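Residues per chain, in single letters:
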2 protein chains.
Amino acid sequence: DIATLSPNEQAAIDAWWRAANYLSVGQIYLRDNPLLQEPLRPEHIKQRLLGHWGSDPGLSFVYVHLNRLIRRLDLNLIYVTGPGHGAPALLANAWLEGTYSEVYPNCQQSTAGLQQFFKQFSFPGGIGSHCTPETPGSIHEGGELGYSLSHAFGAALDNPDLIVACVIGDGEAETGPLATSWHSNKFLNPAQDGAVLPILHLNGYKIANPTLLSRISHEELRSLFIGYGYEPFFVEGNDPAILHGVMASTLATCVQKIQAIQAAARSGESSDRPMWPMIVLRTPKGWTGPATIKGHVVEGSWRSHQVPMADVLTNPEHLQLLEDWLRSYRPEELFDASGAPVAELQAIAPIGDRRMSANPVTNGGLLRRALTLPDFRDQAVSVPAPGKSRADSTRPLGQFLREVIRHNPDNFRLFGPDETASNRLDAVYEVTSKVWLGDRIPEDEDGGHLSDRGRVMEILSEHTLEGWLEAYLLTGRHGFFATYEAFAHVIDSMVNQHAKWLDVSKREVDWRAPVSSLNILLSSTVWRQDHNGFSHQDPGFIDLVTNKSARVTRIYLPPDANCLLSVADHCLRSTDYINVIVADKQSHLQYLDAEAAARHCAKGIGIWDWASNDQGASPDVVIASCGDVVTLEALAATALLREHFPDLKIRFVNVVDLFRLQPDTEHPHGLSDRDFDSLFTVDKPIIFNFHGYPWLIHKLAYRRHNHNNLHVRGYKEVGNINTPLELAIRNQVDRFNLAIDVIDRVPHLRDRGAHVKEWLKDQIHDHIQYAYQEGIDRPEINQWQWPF
Amino acid sequence: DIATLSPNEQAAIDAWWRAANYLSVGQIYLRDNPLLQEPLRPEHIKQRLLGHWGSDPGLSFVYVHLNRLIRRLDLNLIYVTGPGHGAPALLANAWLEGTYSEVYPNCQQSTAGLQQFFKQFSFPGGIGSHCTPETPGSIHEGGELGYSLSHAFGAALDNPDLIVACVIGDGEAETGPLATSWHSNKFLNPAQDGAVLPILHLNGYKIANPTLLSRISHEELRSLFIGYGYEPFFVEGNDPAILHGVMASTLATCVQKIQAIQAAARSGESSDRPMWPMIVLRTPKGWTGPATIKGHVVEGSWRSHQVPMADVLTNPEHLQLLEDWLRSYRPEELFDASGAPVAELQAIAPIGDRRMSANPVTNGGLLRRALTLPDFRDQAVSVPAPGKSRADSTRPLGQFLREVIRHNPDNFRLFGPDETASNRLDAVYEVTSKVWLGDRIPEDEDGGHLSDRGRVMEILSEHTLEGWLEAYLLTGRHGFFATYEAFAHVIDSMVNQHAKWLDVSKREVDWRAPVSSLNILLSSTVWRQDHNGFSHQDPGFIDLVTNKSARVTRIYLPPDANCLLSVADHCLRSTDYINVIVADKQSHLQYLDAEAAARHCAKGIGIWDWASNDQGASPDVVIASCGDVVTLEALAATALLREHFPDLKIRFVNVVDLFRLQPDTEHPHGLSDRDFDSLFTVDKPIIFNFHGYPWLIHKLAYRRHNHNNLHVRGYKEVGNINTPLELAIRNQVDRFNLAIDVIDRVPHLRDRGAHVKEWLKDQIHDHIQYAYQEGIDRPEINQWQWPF
Ligand SMILES: Nc1ncnc2c1ncn2[C@@H]1O[C@H](COP(=O)(O)OP(=O)(O)NP(=O)(O)O)[C@@H](O)[C@H]1O
Ligand SMILES: Nc1ncnc2c1ncn2[C@@H]1O[C@H](COP(=O)(O)OP(=O)(O)NP(=O)(O)O)[C@@H](O)[C@H]1O
Ligand SMILES: Cc1ncc(C[n+]2csc(CCOP(=O)(O)OP(=O)(O)O)c2C)c(N)n1
Ligand SMILES: Cc1ncc(C[n+]2csc(CCOP(=O)(O)OP(=O)(O)O)c2C)c(N)n1
Ligand SMILES: [Mg+2]
Ligand SMILES: [Mg+2]
């Protein structure tokens with residue numbers, strides 16, 4: 001009897017459906033007189049109309065039917081909204097269920113509450129027109145389109161009984177990120193994870209153009225969505241009387257198959273990739289609004305996308321049509337005199353946490369358990385002498401991540417775009433593997449590292465991975481993202497969205513608990529250009545992240561492996577941040593042992609006393625580095641200067657936290673003027689060697705008292721192919737150019753260092769000539785060790 | 001007989017195939033002794049191996065077969081390479097055809113030429129490992145994956161007889177941009193445009209993971225690629241003896257269907273969307289290389305992706321295997337004593353421009369005709385009084401673009417992501433329409449503006465549009481891209497690729513002629529937030545573009561419609577640039593008439609004399625603006641100051657060319673120190689009101705003599721929903737905050753302007769309170785006109 005729809009139940013569901021639309025339209029238009037007790041007048045209409053209408057009925061249409069199966073089958077559901085402009089529909093149902101009144105006591109279920117509820121939407125000092133963090137039961141802001149689908153899969157991970165109902169607009173489906181995220185079924189495990197129920201809201205139109213997926217034939221539509229691995233179900237029509245029964249049956253069909261798929265997998269009898277059920281819903285745009293306006297068809301057309309009538313404040317004719325639109329919902333039989341929904345509506349409202357707007361998963365910070373972090377000092381490489389030993393920088397991190405996975409079998413995951421092996425993080429493969437539910441071959445047994453139980457997820461689409469991870473954190477869990485720095489620009493749009501979400505959730509919204517940080521590891525830099533990656537890779541992603549704020553993002557550039565461990569350990573505890581860690585996978589020198597590394601990361605920036613020779617004296621120059629390749633060149637330059645200028649006093653400063661450079665006025669995390677003057681003196685030149693565009697340092701530290709003595713060398717440009725030393729020479733960040741820069745800046749070396757400066761230019765000439773002759777650097781360059 | 005393959009022809013084709021692989025492997029490994037006349041020794045091997053091997057045989061496999069049909073059917077073809085790391089294969093065939101020797105006389109077809117040809121690849125001072133602009137017959141650098149498919153469609157536009165053979169790697173297909181660009185068949189007109197022949201190189205593996213599209217079943221593969229609208233053809237196997245004949249038949253089948261499709265369409269008998277032929281090629285990775293290395297299978301596995309044996313310089317065992325690998329191609333029977341290919345190879349080499357590496361389309365700048373630009377002064381709005389009249393800013397540009405389309409029916413196009421109507425550029429719809437070959441309905445007749453003959457292209461995927469336009473320019477044609485500024489971050493990766501391509505083509509490569517500029521119009525700004533677009537939209541894309549260089553990118557922020565016309569007219573003539581024009585679609589004031597606008601854009605920056613009152617005197621303050629909304633606030637602030645401080649002298653400067661602010665030392669285009677001191681004085685405060693992040697101005701103009709007096713107000717952050725004046729108040733760019741800033745900075749107003757400053761803060765309080773009360777600004781704010 002679950003598939004069939006009772007006429008009595010059909011009426012109550014239809015009653016809820018209209019009330020949701022009525023509240024949606026009221027939010028768009030009304031600022032006063034919520035229930036049409038008195039004739040509508042221009043003083044009740046909002047001056048500026050920013051809400052969108054063409055998608056609201058469809059979202060409410062599915063939402064009331066989703067609540068039906070929750071009441072019947074006791075399903076645990078989440079609502080993820082593709083078109084974020086359909087916010088009123090979600091809020092209306094949130095208010096109808098009673099969630100919004102509990103979270104916001106001002107917007108009660110009364111006439112006075114409705115007045116505040118209607119006036120707040122898309123209003124200065126109110127709430128936005130998208131699925132902002134202020135929305136109860138919301139994890140995804142659909143303002144930027146293409147990421148709703150991935151967030152459904154991310155939230156589904158390690159939530160076996162959860163089902164995430166994600167509604168997808170046909171216009172959104174034309175975007176690149178969402179077209180590739182359909183293949184996420186191959187990495188979702190039916191045994192341990194939940195289900196995603198994709199609903200294609202094929203209203204037939206974008207803002208102003210038809211959607212191609214609507215204008216592509218039905219046969220090719222089913223062909224496209226079986227090739228994605230889904231079992232597609234089609235509900236088409238325009239008359240709700242038929243469509244209420246038809247779509248209730250389809251949703252009943254889908255849930256049984258989802259449970260049948262999960263039952264088959266968890267029993268172990270069918271350990272294969274299943275054909276997940278997906279719904280294709282073709283309904284008119286602006287479904288229950290005006291039919292035509294000024295002789296142009298509006299409903300079921302792109303003209304209904306935002307607002308069918310935007311001149312209602314101007315001419316009374318449309319104003320009467322607006323009031324006629326509202327009364328078509330028959331609000332007199334939907335709400336009582338007080339302003340609450342009628343008891344028929346309250347009957348079909350789910351109860352407590354079973355409500356999709358009050359599910360604690362959406363407010364994932366309440367479901368967040370801190371990771372049991374093993375002591376990273378067990379994985380710290382031994383550094384008996386600083387800078388005299390070479391070890392692979394990322395392998396200790398791989399071993400540390402292995403022990404985190406061991407102690408957090410479900411709460412933690414790894415995400416990587418087919419680069420985990422290249423990034424040299426294979427230590428995690430010792431305990432787990434990579435997720436794969438596609439076809440398997442015996443050749444995968446040797447080094448494939450493929451299993452459905454794996455805690456590491458791999459796909460070449462960077463958009464898919466970022467959406468997977470962001471949803472995983474917002475549901476109250478932990479993760480780590482590792483990728484090349486060359487392709488970081490691909491996810492720049494997605495990072496902005498998540499940073500937006502975190503910043504609002506901290507300051508504006510008070511009831512949303514903190515979630516875990518977004519930890520990103522840019523594992524291959526632009527200085528050590530390996531085989532893969534384009535020639536002109538740029539560090540520009542770092543500038544984009546620092547563009548957001550110091551109170552939501554953190555940038556770390558640890559110089560060695562122990563410093564990488566402390567940074568990763570520190571950032572696996574921080575909550576409301578986007579942590580971007582820039583480290584290189586090549587074999588590098590090691591500088592700090594576990595104790596010294598931990599103290600260095602706690603400060604974020606500090607003097608290296610072994611690399612300095614200014615103890616108990618005023619340094620003639622401060623050499624600072626931020627990165628690992630540029631740190632090596634800065635250290636090598638320091639060695640060269642000390643050989644040729646024995647009396648020269650050099651203070652070596654290494655900075656790991658980029659944002660420490662900002663003054664404490666901007667953010668509390670930054671250094672004070674006294675602290676900054678202690679590290680970098682008030683009047684001596686600073687030769688800063690930065691892994692990135694040099695102006696980023698100037699943007700951060702422009703207000704310091706010694707900024708006029710700050711001289712930053714960083715990434716400028718590249719050739720087609722360069723050796724590691726030649727590439728540093730092109731950007732003037734190599735050891736020889738840095739030594740020249742120190743000679744130019746130190747006042748008592750311009751006259752005295754002329755002969756050394758000529759010798760340094762000779763070395764640049766010799767190494768370039770050898771580079772063009774052999775294709776690599778000299779052995780003494782590659783095997784350079786810290787002297788002294 | 002075209003379908004069947006002669007055994008004599010099969011041998012010569014196989015002879016070409018092995019020689020191409022041999023040259024490819026020689027480029028990867030050898031730096032000396034090209035032909036194995038003497039035993040291989042470590043001094044002949046390259047020190048560092050950066051080339052990739054797993055894709056080279058597949059590219060050469062298709063390439064030799066593509067040349068077959070050129071010789072038979074006289075087809076005009078282009079080779080677009082998906083995996084850019086497969087550069088050696090393209091270069092080897094380029095050398096084999098003789099193109100490379102003609103372009104590069106140093107690399108002759110001899111033994112001495114081969115020594116230079118082998119030693120140059122992936123070498124310092126040589127050439128890169130990707131499809132850089134130095135490659136003959138190359139339009140697309142496949143280093144960043146996901147854009148090869150779109151570039152095929154872009155180059156195909158308005159080239160009816162051209163066929164673009166684009167080879168697509170299975171790993172690349174997992175990326176977001178390429179998954180959505182498959183639907184580009186719906187916008188390609190068989191009647192007027194050429195064909196794209198997509199070849200899916202499904203080698204089964206990525207760098208280190210299996211490709212899901214390979215591990216998805218064959219049935220679901222055909223289902224996926226018929227849903228994209230393609231007729232898929234499958235060639236599978238590993239034995240070339242069978243695969244040579246099978247593949248040749250499939251390519252023969254595809255070309256006939258492509259011609260049959262074009263013949264049916266151009267006769268007019270079948271004006272429907274056709275099922276384009278697409279090839280799915282499943283071959284082992286590292287197809288003709290080592291079978292196993294160190295007990296691990298390499299060929300047909302991810303272990304062959306880059307280099308099967310990377311220790312050949314270390315141990316002689318692999319060194320013998322490398323020489324055994326080379327001799328498996330039997331080079332003795334492929335090259336003569338001199339070093340040229342044998343006459344059998346020369347027989348099957350195409351001739352002249354029919355060679356894909358020597359096709360003049362790829363060097364599109366030779367095929368570039370300058371647009372016949374109508375005088376924009378016909379579309380200039382009348383401005384009898386500056387700043388006293390309001391007109392829609394983008395509509396005159398739409399009319400101007402309409403006349404360009406009229407005079408350039410084939411050489412020009414418009415690209416937009418479902419925003420042309422929103423951007424208010426509908427004037428172009430008066431002469432043309434939008435491309436659409438999907439299903440048509442009678443409802444589209446009213447305002448659909450849909451026709452297959454349209455010169456405007458629409459799709460919600462911004463990745464697809466950018467790839468379409470870049471290829472269109474690189475083939476020697478013109479275009480204009482219009483989109484919102486909110487979603488500009490989506491195409492940031494693609495823009496970097498094209499900027500990279502232009503910069504190399506100007507300085508490094510000498511034989512590549514200039515092509516047309518990339519003209520981008522960010523038509524909706526972040527200050528006038530309309531219905532669509534997320535709340536926290538940022539101008540950060542401007543910072544990303546200025547990141548590249550002043551010698552390849554230009555940023556224009558015209559204040560009014562006449563400045564927009566002059567800027568667009570000026571930028572439709574420039575060749576080797578990425579032109580980004582930031583304009584707003586809202587109804588705005590108009591400031592300059594056609595004559596004054598043209599002079600202003602010629603300077604790029606200049607004093608507005610009507611808005612100034614410092615003529616013949618030293619100005620107390622310089623108020624500068626860069627944008628249109630911020631220009632209005634700067635002008636309104638100027639009016640407020642002149643009302644309350646009649647003696648105050650204000651010079652108003654408007655800047656359209658952002659890069660003029662850079663000193664002439666960086667680039668010739670920038671202003672000199674004398675010119676800059678003329679506009680902005682040497683010692684007076686400058687209140688700069690910028691449409692964007694304020695630091696961008698400081699990055700550009702830090703070297704100026706008066707930079708210490710430069711005070712920039714720009715975009716900082718947003719609330720959820722704000723009125724236009726309230727949003728400007730939040731960022732302190734409104735008229736009242738600017739007037740306060742002038743009071744603070746002018747030395748003789750700190751004491752004297754205290755009472756006005758208190759009044760200004762009262763206005764800020766009053767307008768915010770009104771905004772929270774009504775939801776819009778006061779009528780006098782919305783209808784503000786320039787006084788005086
Ligand atoms: N005040 C500044 N504001 C912003 N960027 C700056 C500033 N000063 C320098 N830069 C940037 O820093 C880089 C080099 O300048 P800088 O770090 O000062 O080293 P420098 O050797 O002193 N160069 P210069 O200041 O011109 O003598 C360039 O990319 C500049 O754009
Ligand atoms: N010398 C500088 N180098 C780089 N960025 C700068 C510099 N001075 C200011 N900025 C940037 O400019 C913006 C605001 O400063 P600014 O444009 O100078 O206005 P302001 O009122 O003068 N603030 P202040 O300089 O601290 O008194 C921020 O993005 C700063 O990072
Ligand atoms: C890549 C991109 N291009 C354009 C937009 C502008 N935009 C915001 S909402 C929207 C409508 C989405 O279309 P559709 O999925 O059909 O939604 P619905 O009909 O449910 O409103 C568009 C185009 C965007 N957000 N992203
Ligand atoms: C989005 C993205 N992720 C990762 C890479 C790194 N990368 C460069 S080339 C390459 C191989 C592409 O795989 P496939 O299409 O299978 O190519 P082929 O087997 O022909 O080498 C990869 C993963 C990239 N360029 N872009
Ligand atoms: Mg739609
Ligand atoms: Mg592959």
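Residues numbered from 1 in each chain as written, not as in the entry; some residues may be left out. Chains lettered and ligands numbered in written order. Part of a larger assembly, values for the part shown. Heavy atoms only, no water.

Structure determination for the deposited model, as stated in its record, used cryo-EM, and the stated resolution is 2.36 Å.

J.: Tell me about the site of ligand 3, and name the residues and values.
T.: Within the structure, ligand 3 sits among 20 residues, and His85, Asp170, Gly171, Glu172 and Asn203 of chain A are positioned closest to it. The site occupied by ligand 3 is bordered by residues of chains A and B. A distance of 2.9 Å is found between an oxygen atom of ligand 3 and a side-chain nitrogen or oxygen belonging to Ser55 of chain A. Within the contact set of ligand 3, an oxygen atom lies 3.0 Å away from a backbone nitrogen or oxygen of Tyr205 of chain A. The fraction of the free accessible surface of ligand 3 (600 Å²) that becomes covered by protein chains is 99%. With three residues, the top contributor of residues to the shell around ligand 3 is helix 7 (residues 170-173) of chain A. A per-class count over the shell around ligand 3 returns six nonpolar, nine polar and five charged. (Near = heavy atom within 4 Å. Polar contact = N/O pair within 3.5 Å; in protein donor to acceptor, adjacent residues only side chain to side chain. Areas by Shrake-Rupley, 256 points an atom, 1.4 Å probe, with all protein chains shown as cover. Helix = DSSP H or I, 4+ residues; strand = E, 2+ residues; numbered from the N terminus. Nonpolar A, V, L, I, M, F, W, Y, C, P; charged D, E, K, R; others polar.)

J.: Help me get a handle on the sheet that holds strand 10 (residues 456-458) of chain A, residues and values and all.
T.: Residues and elements named next belong to chain A. Taken in spatial order, the six strands line up as 10-9-11-12-14-13 in an open sheet, and their pairing is parallel. For this open sheet the edge positions go to strand 10 and strand 13 (553-556), each flanked by a neighbour on one side alone. Taking each pair of neighbouring strands and ignoring which way they run, the sheet shows an average axis angle of 20°. Two elements, strand 12 (residues 518-524) and strand 14 (residues 578-582), share five bridges in a ladder whose sense is parallel. Bridge pairing in strand 14 links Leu522 to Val582. (Pairing = 2+ DSSP bridges. Axes fitted to C-alpha atoms, helices over the stretch in contact; angles between N-to-C directions.)

J.: Can you break down the side chain of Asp503 of chain A residue by residue, with the values?
T.: Mapped onto the fold, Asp503 of chain A is located in helix 17 (residues 492-507). Here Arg551 of chain A takes part through its side chain, which lies 2.6 Å from a polar atom of the side chain of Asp503 of chain A. Ignoring sequence-local partners within four residues, the contact set of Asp503 of chain A consists of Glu508, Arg551 and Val552 of chain A together with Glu717 of chain B. (Contact = heavy atoms within 4.5 Å.)

J.: If you had to explain the interface of chain B and chain A to someone new, which residues and values would you point to?
T.: The interface is formed by 113 residues belonging to chain B together with 113 residues belonging to chain A. Buried surface at the junction of chain B and chain A, both sides included, amounts to about 9,000 Å², of which 55% is carbon and sulfur. Three residues, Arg215, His531 and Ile721 of chain B, lead the burial of chain B against chain A; their summed loss comes to 8% of the area buried on that side. Counting the contacts that link chain B with chain A gives ten salt bridges. Put simply, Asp444 of chain A and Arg215 of chain B hold a salt bridge, and the shortest N to O gap is 2.4 Å. Our count for the chain B to chain A interface comes out at 43 residue pairs in polar contact. It is helix 17 (residues 492-507) of chain B that provides the largest number of residues to the side of chain B that touches chain A, a total of seven residues. Residues belonging to the side of chain B that touches chain A are distributed by class as follows: 37 nonpolar, 43 polar and 33 charged. (Buried area = accessible area lost by both parts, 1.4 Å probe. Salt bridge = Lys/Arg side-chain N within 4 Å of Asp/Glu carboxyl O.)

J.: Quick one: what's the story with helix 14 (residues 395-407) of chain B, residue by residue and with numbers?
T.: All names here are of chain B. Given a rise of 1.5 Å per residue, 13 residues ought to cover 18 Å, and the 19 Å separating the end C-alpha atoms of helix 14 matches this to within 8%. Listing the buried residues of helix 14 in full gives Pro396, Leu397, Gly398, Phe400, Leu401, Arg402, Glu403, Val404 and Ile405. For helix 14, the secondary structure elements touched by its buried residues are strand 8 (389-392), strand 9 (414-416), strand 11 (480-484), strand 12 (518-524) and helix 19 (561-571). (Expected span 1.5 Å × (residues − 1). Buried < 20%, exposed > 50% of the residue type's maximum accessible area, 1.4 Å probe, protein only.)

J.: Describe the coordination of the magnesium ion (ligand 5), and please don't skip the residues or the numbers.
T.: Under ideal tetrahedral coordination, the four donors around a metal are separated by 109.5 degrees; under ideal octahedral coordination, the six donors are separated by 90 or 180 degrees. All names here are of chain A. Ligation of the magnesium ion (ligand 5) by protein atoms is provided by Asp170 (OD), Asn203 (OD1), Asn203 (ND2) and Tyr205 (O), these donors lying 2.0 to 2.7 Å from the ion. With six donor atoms in place around the magnesium ion (ligand 5) and angles of 56 to 143° between them, the coordination shape is irregular. The motif formed by the donor residues of the magnesium ion (ligand 5), counted along the single chain, is D-x32-N-x1-Y. Taken together, the positions of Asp170 in helix 7 and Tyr205 in the loop between strand 3 (195-201) and helix 9 (212-215) put the pair 35 residues apart, joining distant regions of the chain. With respect to class, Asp170 is no different from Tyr205; both count as buried. (Donors = N, O, S within 2.8 Å, 3.2 Å for Na, K, Ca; no water. Tetrahedral: all angles 85-135°; square planar, octahedral: opposite > 155°, others 65-115°.)

J.: Can you break down the sheet that holds strand 17 (residues 621-626) of chain A residue by residue, with the values?
T.: Residue and element names in this part refer to chain A. What the five strands build is an open sheet, ordered 16-18-17-19-20; its pairing is mixed. Each having just a single partner strand, strand 16 (605-608) and strand 20 (710-713) make up the two edges of the open sheet. Neighbour-to-neighbour, the strand axes of the sheet open up by a mean angle of 25°, direction not taken into account. Where strand 16 and strand 18 (residues 650-655) come together, four bridges link them in antiparallel fashion. Across the sheet, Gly606 pairs through a bridge with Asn654, a residue of strand 18. Of the strands in this sheet, strand 17, strand 19 (686-690) and strand 20 touch helix 25 (residues 735-745), which is tilted by about 155° from strand 19.

J.: Lay out the packing of aromatic side chains with the relevant residues and their values.
T.: This structure, assessed with the given rule, holds 65 aromatic pairs over all chains. The interplanar angle of 25° and the centroid separation of 5.4 Å between the aromatic rings of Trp608 of chain A and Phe652 of chain A together place this pair among those described as stacked. Separated by 44 residues along the polypeptide, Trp608 of chain A in strand 16 and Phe652 of chain A in strand 18 bring together distant segments of the chain. Residue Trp608 of chain A is classed as buried on the basis of its relative accessible area, which comes to 2%. Ring centres of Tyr100 of chain B and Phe117 of chain B lie 5.9 Å apart, and the angle between their planes is 75°; this geometry places the pair in the edge-to-face category. (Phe/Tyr/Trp six-rings, centres within 6.5 Å; stacked < 30°, edge-to-face > 60°.)

J.: Explain the nonpolar core to me, using residue names and the numbers behind them.
T.: Ranked by size, the top nonpolar core spans 359 residues in total, and within it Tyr29 and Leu658 of chain A together with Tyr29 and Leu658 of chain B carry the most contacts. Ignoring sequence-local partners within four residues, the contact set of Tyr29 of chain B consists of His44, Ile45, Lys46, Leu49, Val307, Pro308, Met309, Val312, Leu322 and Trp325 of chain B. Core analysis: the next-biggest nonpolar cluster, separate from the first, contains 68 residues, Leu564, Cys571, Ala583 and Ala637 of chain B among them. (Core = buried A, V, L, I, M, F, W, Y, C linked by side-chain atoms within 4.5 Å.)

J.: Talk me through the state of the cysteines; I want residue IDs and the actual numbers.
T.: Counting across every chain of the model gives zero disulfides over all chains. There is no disulfide at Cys254 of chain A, and the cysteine sulfur nearest it, in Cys166 of chain A, is 14 Å away. With no disulfide partner, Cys601 of chain B has as its closest neighbouring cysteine sulfur the one in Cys563 of chain B, 4.2 Å distant. (Disulfide = S-S within 2.5 Å.)

J.: Account for the relation of the copies chain B and chain A, with residues named and values stated.
T.: Overlaying chain B with chain A gives an RMSD of 0.0 Å, the required rotation being 180° about an axis along which the chain moves by 0.0 Å. The superposition operator between the copies reduces to a two-fold rotation axis. Comparing contact sets, 99% of the residues at the interface of chain B also lie at the interface in chain A, consistent with an isologous, same-surface contact. (Least-squares fit on C-alpha atoms.)

J.: Go over helix 5 (residues 111-120) of chain B, please, and point to the residues and values.
T.: Taken together, the buried positions of helix 5 of chain B are occupied by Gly113, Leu114, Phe117, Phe118, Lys119 and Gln120 of chain B. Among the structural elements, helix 26 (754-774) of chain A together with helix 1 (7-29), helix 3 (87-97) and helix 4 (99-103) of chain B are those in contact with the buried residues of helix 5 of chain B. If you check the start of helix 5 of chain B, you find a side-chain oxygen 3.4 Å away from the backbone N of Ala112 of chain B, and it comes from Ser110 of chain B. Phi for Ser122 of chain B, located one or two positions after helix 5 of chain B, is positive at around 50°.

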